[PDB]
Each structure stands twice: as structure tokens, then as C-alpha cells.
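Single chain ahead, by itself, as C-alpha cells, in the form deposited in one PDB entry.
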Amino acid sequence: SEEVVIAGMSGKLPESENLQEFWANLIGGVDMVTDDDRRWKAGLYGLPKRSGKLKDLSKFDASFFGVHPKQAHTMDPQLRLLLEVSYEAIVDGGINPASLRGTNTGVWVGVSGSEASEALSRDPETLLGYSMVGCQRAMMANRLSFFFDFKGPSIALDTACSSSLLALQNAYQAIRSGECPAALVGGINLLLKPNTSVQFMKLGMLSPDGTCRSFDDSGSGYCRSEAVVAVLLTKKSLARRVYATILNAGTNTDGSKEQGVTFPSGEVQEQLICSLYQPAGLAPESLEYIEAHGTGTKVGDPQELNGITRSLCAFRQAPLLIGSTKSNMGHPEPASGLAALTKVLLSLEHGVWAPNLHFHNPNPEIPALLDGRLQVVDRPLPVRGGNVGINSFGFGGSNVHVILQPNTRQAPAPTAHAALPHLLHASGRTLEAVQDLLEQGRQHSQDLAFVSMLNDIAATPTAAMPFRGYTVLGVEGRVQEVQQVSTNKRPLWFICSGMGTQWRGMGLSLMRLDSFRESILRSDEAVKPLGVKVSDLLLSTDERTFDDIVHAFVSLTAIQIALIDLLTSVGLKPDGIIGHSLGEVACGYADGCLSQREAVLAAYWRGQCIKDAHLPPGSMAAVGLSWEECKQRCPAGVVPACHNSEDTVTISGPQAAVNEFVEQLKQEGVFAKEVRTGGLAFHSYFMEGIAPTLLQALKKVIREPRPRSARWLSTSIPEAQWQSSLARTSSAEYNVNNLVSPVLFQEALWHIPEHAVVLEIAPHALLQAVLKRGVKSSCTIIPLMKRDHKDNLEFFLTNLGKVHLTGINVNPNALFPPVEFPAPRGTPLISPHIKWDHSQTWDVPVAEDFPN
């Protein structure tokens, strides 16, 4: 009573470096059996020249897997390959391995030989202990468990040829029962030692021509082959990708047989199949296809298919499609079950059955081939729908059978709201690793599930995946960056900018994201009573809307909250918050001191209370002087208002002594420009007369002032005084002090640590230059919006991209409506686009490392 699915798969098979190459060979009808000298001189000892072999055994990203080089040279290639294939298989499922660490996830590996362990133990004087650690069969599973921190069962099992499908049947049982949430299931087989082939030849088990002629009259033995295959199973609840569901699996053993231990009992094979179908409530009628063991043997093939005839065809009207992967690539012995499995799932994902090779004349000892009750797939056929069975048998008598219900979910009808641009992250071991995943994005941008899933696997520790990239999909250009990443952890700082960041139609672009639009609608709910709507102000044809002080104050705050609402939804929590002027209202909200209604109302009243009040005229100017040298050369009346950098400082004072300090300053050609303030001298004693009206209004808005965290640095209160009762809370008192006191901005930037990532939360990034000049060189500075820029959603995505690029983990899936998993059938494979760093080349045992 727990539904088990096949979530993810990867492999290397003969002439197939990954499952895309394997699929190309299958649907292409390319024989993957070869007669070159890769493993040993062809014909040696009178052996068949033909065998299925891997393109390469020498490559292993040793350092990603925490394997030191001395250890990698003395590790069974089986394991080196299975670590890579196992990683491949998990992420293929759209599952971040991190999510399975520390869980009771189990590992089961079919493996029948470590030829390598004999090779590397031959010379006592120069052998290495690490060779025990890298070749002992338990490790073919125990190493997987160790690397992935999987704490369920970790078991290497031998039932000869049925071993890997038995591993499937065990992982299945462990998940059906609740013992395990998930399970990695492996099959491995290599042909390093020729003496092993000689054994099989002399037993009469090998076709001289190296061909599994499955189901054919001339079947006279099998072709030995290599395989490395990994499959992730999960309970349905955890799945994103779902190739198929396991309706049922089981194993029996032939037991006693007159004919001998290695004669395959079709009667007992039949017993096994009969036990799994009607008794479990599954009709043979519901099978479209059976993957037979199909080794192409005088005895095996008739025993097997006559079994299939009596157990399944006997209770069917339609013919049963049958096939065997062994025709295509040979028998990879214990890996047979999982090789056969991948052929079945690739066929289903592509909507076409790959055909057998070598099916010329049917085996006349098999009635159901001659009367068409069993119909060999000898030519690509469309997948018409139905369950799938798979057989795997060992020479000792172990039988396994697995029923699959293929996943047939179609993707949903395209919507108008998804014509939005999307953002794709990727991490990687190499530049090519990232470029390839991002190229798969571009190619399949309309596939919501694929992109969603690629985003999930991008969140990775940076010591392991030192290259990151993003790209924006759904936009005219080629928005993409990729780079090396830091290692050291990178604190995230929010800077909420102040005034001068307003512009006509600001935030209209972002109103397509729902978290943003929903923040603006909440903000509108605060100021409905006070007779204004932020949505309508953003929507204003009218050029001078944000010339009204209340319109600007409520809207800049409203948007700063909406941006903080987006960042929060993609998982970004600030380590430090710094405000500038009006900024300190949003900072409050970021820091969780101000509710959203408090923050938005605070901004309205700060505005309304300045409108209503009669204040001594002053002016404000920006001047190319430092904090200090400005105080020196200042008239009386004129005060340094905003300490921005050591380059820029904003002054305030009376309209006369300012429009005289600009001119006396341009004699010396110095940066000096009076700013539009509607004739108010902010951050000075000219604002003192706002305190009575505003302190009352805010007292009624911020009823129960809440503590400010150590993460929010005041720019309104000097550091010396951060311990005061005023600075304790975002009080009505705090927000009045803000308007009449200087902005101690540079003073606070000093406190931003090394390697920090600094985001300017503002509808235009005014403070970029200032921030750069004010914070340490290490620190990365990132804007979120710019005025009159064609698409601001594209600019936001682009800049979220830049955050992911710093090694800070961002998951953009949350910006758009969630994908409904399981992912639709035919979502593209991820396993083939996981590139490694194969720069190094590792020892492989060779024929002469074994005796003669």
C-alpha cells in the first residue's frame, strides 16, 4: 500500500556513452556488438571475436566523488562508472540529490564479478589496501550509500543474469512497504578477463558468431556484453518525472530439475508470471508488450516463450508484441534486467518500440510465433497503449518478472499568462556542463516541466559544481552568462533605496508575475480608505502623477514591498538590510518589524503630513565633495543631509545659501546640482515642524512598535546610539527622526562584509555607483529594475540570474504558477546532458593482468 514509480535512469551500454546514444542505436537498428581488440586480441583462445563493449572505461570525475587519485586508479571501473551513472539517474528524475541525503533511501546493485579485484591483488609486494576498498562487491553499493548519504539498505546481490532485475524487485518491495522513501538500483558488467569467456564457451553458452539471435531458429548461444545502468525509484508523492509505475514484481527459483541446474524451467517461469497477474487483479489482456529475457538459446528461448504463451497469451485475444534488447547489444549478464528496462522506457518516451535485430526465421518449437499470438517487433511500431512485462532469468534458476504501467500524461493547453519569459539556472563541473544544460533550455523553452525540473537540480554546493550559468527564455535576444564561482559563503544584503527612483508606468512590466501583483493589491487595501489605489497610479497615462509627494511615497514603498515579496518567494532571506531615507520604511518590512499595512500607511502619512504642513523653504543639492570637507566649506544654514559616498554628498539648507553654495563651488568646477524637493530641505532642522502632525498620525498606524533585528543597520541614527530606546523599534518616533536627521549611508556600507551580494530594492537602481564606491571590492552589486527599459520582467529575471551566478541558491520556479507533476510523457531526458570533467585518465585492468 505505497505506489512505486521509476523516476530517473542513466546508463552506458555497448557503443553508447549515454541513453541518447543507446536510443539512437536502438531505433536506428545499429548492431552495438563489435569485433575490435578493445578488451583482448579477438579470437584469443578460440573465443568469439564479437562482444558488446563500452566506448571507454578510463574516465571518472574522481574529485567530484571525493576519490583521491591513488584510490581512483585502484577502483573497479564498474564503480567509477556507476557513481557517475547513479548521479546522472537521480538528477534525470528532476530530483536534487540534496533532498535524499540522510533519508532511509536504499541501494541495491546486481553485480556478478570483479575481474578488476583479481587484477589489482595479483602482486603482494606492490598491491594497495585501497584496492580492497575500491573492488570488494559490497562497495559496488556501499560506496553509493556513502557518497549520497543514503542510510537505507545497501546490498550487492548475485543471482547471475537476473541480479539487476532482482535489485529492482527488492527496491520495489522496500518502497511498497514503507521501509524506504526511494531507492537507487544498479546493474554492472565488464569483460576485462578473457578466461571468463572461455569458461562460458566450454559450457556451450556462447554463440560462435557473438549474436543473441532472439526467438530465431538459429539461436545457438549468447553474445557477452558490458553495461552500467542506474535507475532511481521513489514513492509517487516524491516523483517529478515518472517513466512508469511498477504495478507488480516478483521472483521464484526453478528448484529441482532432471535436466540439470542450468536448464531453464519454463514451467516455473510460467508459475512466476501466473502469480503476479490475475492473483493481483491485473489481466494479461492489459499487456501491450513483453520484454523477454530472449538470449537466443536452443532451450532458453522455447522454454521462455512457451511459458509466456501458457501464462499470458492463453488469457488474451490480441497478439502480444514481444522483443529482446539482447538482439541489439548482447547479454550484459546481471545488468540484463536494467538494460532491457531502459530500452522499454526509451521506447515509451519516444512513442515507438525499437525493433530486434537478427529475427529472420521463427523458432519452430514455439507455436505462438508461427500462429501470430506472439508478434516479434522486427520493425519499429507505434506504441498503442497498455502495460509492459519484463523477464530476467539466471543460470542458477532465479527468475524475476516486473509489470509496468507506462506514464501517459500529456502537457496542458498553452495559456496567455505562460507567454511570459521564464528563467533557467544550471550548475556544472565545466563550462560545457553549464552551456549544454542552458542550450537544452533554449531548445525546449515551451516545456514547463523540463525547465521547472532543470531549475530544481541547479541548487548545488559550490565546491562540487564550481561553474554556474543562467539564461532568460521567451525573449528576443540571447540573455545568457556563465562563470566560475566563489566557494566561500556569500552574505546577501538588501539596500532599500529612497527618492528619485520614481518614473511613469513603473512596475507595469512586473504586474504579470502574480506574487508582485498580489503585493500591490494588498498595498491598495491599506490606502483604499484614504482614497488612492497604487495599481491606478502605476497605470497612469499622466506624466506628473509621481510629482505629488503622497503618490511617490506610497508607490515607492508599495513597489519595494512587492520586490521583497518576489525575492522571499524564490527563497532569498537577507543577512543585512540597509535603508536610504524613505528606504527605511521598506527595510522595516524586510526585517519583519513593520507589517505590510503599517509600512504602506507609514509612507502615505509621511507624505500627507508634509503636504499639509507649512515649513520654512530650503533647497537640496548634490555636491562632488566628501562627508568631511563639505562640513568645513559649508555656510551657516547649509548642512550635509545624505552621506552617500566619499565622492557624492547631498546638502540641505535655505534656498538662498544653497543657490549661492552651488555657484561658489562651480568656481572650482565641482559636481553641484540642486535637486527637485518641491522646495523642502529634507534631513535637516527645516523639517522639525512636521513632528507634531506626523508623530500623531504614525502613533495611530504603528500601534505596538516591534524590535529591530541586528540585521537592519540604521542610516537615520548614528552607530554610537544604536543601543538607544528610539533605535530599539520602527516606532512612529523612528520614522519622524528619519525625515529630520541626516542619512548616514556610507557609515553603514562599511559594515557590509567581504564577498557579500548586495541587491538594490528600488524601481530604479540610483545607488549602483554609490554602493560600488561605498562597499568592499569583493562584494557583487545587483540591480532589480531600470526606468524606460523595454521589459523590466526580463531585467528582473536577468538579475535574479546574476544572484544564482554568485553561488547563492535561487529557485525561480516560484515566480510562475507551479507545474503539476508527474511531468508529462516525453519530457526530454536530463541524464545525457550531465557533462563531467573527464580531463584525467585512470588505470583500467588489461588482459595480461590475468593469468594463462
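Take the two forms, superpose them, and find the largest set of C-alpha atoms that agree within 1.5 Å; that set is the rigid core. Quick note: we count residues from 1 along the sequence shown, nothing fancier.
Inset, instruction - Taking the mean of the C-alpha B-factors per stretch from the entry, tell me the winner out of 383-391 and 687-695. - result: Result of the comparison: 687-695.
Inset, instruction - Please work out which of 636-644 and 93-101 has the higher mean CA B-factor as recorded in the PDB entry. - result: Averaging CA B-factors over each stretch, the winner is 636-644.
Legend entry - Of the residues 741, 199, 488, 163, the one carrying the largest Cα B-factor as recorded: It is 488.
Inset, instruction - Specify which of 239, 459, 472, 658 carries the largest Cα B factor in the deposited PDB entry. - result: Spelled out: the listed residue with the top C-alpha B-factor is 658.
Legend entry - Chain third (lowest, middle, highest) by recorded CA B-factor, residue given as residue 317: Residue 317: CA B-factor falls in the highest third of its chain.
Legend entry - CA B-factor placement of residue 55, once the chain's modelled residues are sorted into thirds: Its C-alpha B-factor, which the entry lists for residue 55, ranks in the lowest third among residues of this chain.
Inset, instruction - Place residue 824 in the lowest, middle or highest third of its chain's C-alpha B-factors, as listed in the PDB entry. - result: It belongs to the middle third of the chain when residues are ordered by C-alpha B-factor.
Legend entry - Third of the chain, ranked by Cα B-factor, where residue 106 sits: For residue 106, the deposited C-alpha B-factor lands in the lowest third.
Legend entry - Third assignment of residue 516 from its chain's C-alpha B-factors: As the PDB entry reports it, the C-alpha B-factor of residue 516 lands in the middle third of its chain.
The next section is about a form of this same protein that is not shown, the form deposited in another entry.
Legend entry - Only residue that shifts (Cα, 2 Å or more, rigid core superposed) between the shown form and the other one, among 542, 285, 371, 267: With the rigid core superposed, the residue that stands out is 542.
Inset, instruction - Classify residue 655 as shifted (yes) or not shifted (no) between the shown form and the other one, where shifted means its C-alpha moves by 2 Å or more with the rigid core superposed. - result: True for residue 655: a C-alpha shift of 2 Å or more.
Inset, instruction - Determine, after fitting the two forms on their core, whether residue 169 shows a C-alpha shift of 2 Å or more between the shown form and the other one. - result: Result for residue 169: no, shift under 2 Å.
Legend entry - Is_shifted residue 640 between the shown form and the other one (CA, 2 Å cut-off, rigid core): The answer is yes; the displacement is at least 2 Å.
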